[PDB]
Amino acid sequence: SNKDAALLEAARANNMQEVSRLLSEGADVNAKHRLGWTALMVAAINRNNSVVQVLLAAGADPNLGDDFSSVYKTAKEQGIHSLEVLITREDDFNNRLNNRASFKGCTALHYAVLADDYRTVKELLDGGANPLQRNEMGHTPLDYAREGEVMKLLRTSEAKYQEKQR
């Protein structure tokens, strides 16, 4: 309800104390914004490592995909005005992303890689996030990475996936 919306706002704010309280009051740990993203997603894109750990410890699914596509596609798909979609995505999710691109199926790991924050990536991988999972465009978290530790962290986890699969 409003408690699910309060969860997402606290996730954006990195307010771990508030996230834990709302979770204790029955907020859905996998609640989705009307435009299609989760609390773990909005925490990941904003480098909110503190809240990511709280969400993972409370059972958040790290492999869900954003139902948000682009301002253009989501405006038509859902029948909202494009300016409202753009403002909402910039204000309630992130304003440094190119939201003209397509994000459908992006997981929290996708967003954590786009933010170039090794700590959030490492925590998401320890929470069971699939580094081989593709978005609607077919891109994995690797495909969004850049030369650095984030790639290396991904490469070893991807290597361990082949090793530890069943």
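Residue positions are given as counts along the sequence shown, with the first one as 1.
Undergrad: Determine, for stretches 15 to 23 and 145 to 153, which one has the higher mean CA B-factor as deposited.
TA: Higher mean C-alpha B-factor: 145 to 153.
Undergrad: Comparing 87 to 95 with 73 to 81, which has the greater mean CA B-factor as deposited?
TA: Mean C-alpha B-factor is greater for 73 to 81.
Undergrad: Check the PDB entry and point out which of 139, 47, 100, 104 has the largest C-alpha temperature factor.
TA: Of the options given, 100 has the highest CA B-factor in the PDB entry.
Undergrad: Between 114, 125, 31, 52, where does the Cα B-factor run highest in the record?
TA: Answer for 114, 125, 31, 52: 31, with the highest C-alpha B-factor.
Undergrad: Select lowest, middle or highest to describe the third in which the CA B-factor of residue 5 falls within its chain in this entry.
TA: Answer is middle: the recorded C-alpha B-factor places it there.
Undergrad: Please say which third, lowest, middle or highest, residue 121 falls into when its CA temperature factor is compared across its chain.
TA: It belongs to the middle third of the chain when residues are ordered by C-alpha B-factor.
Undergrad: Based on the deposited C-alpha B factors for this chain, I'd like to know if residue 132 is in the lowest, middle or highest third.
TA: For residue 132, whose C-alpha B-factor we compare with every modelled residue in the chain, the answer is the highest third.
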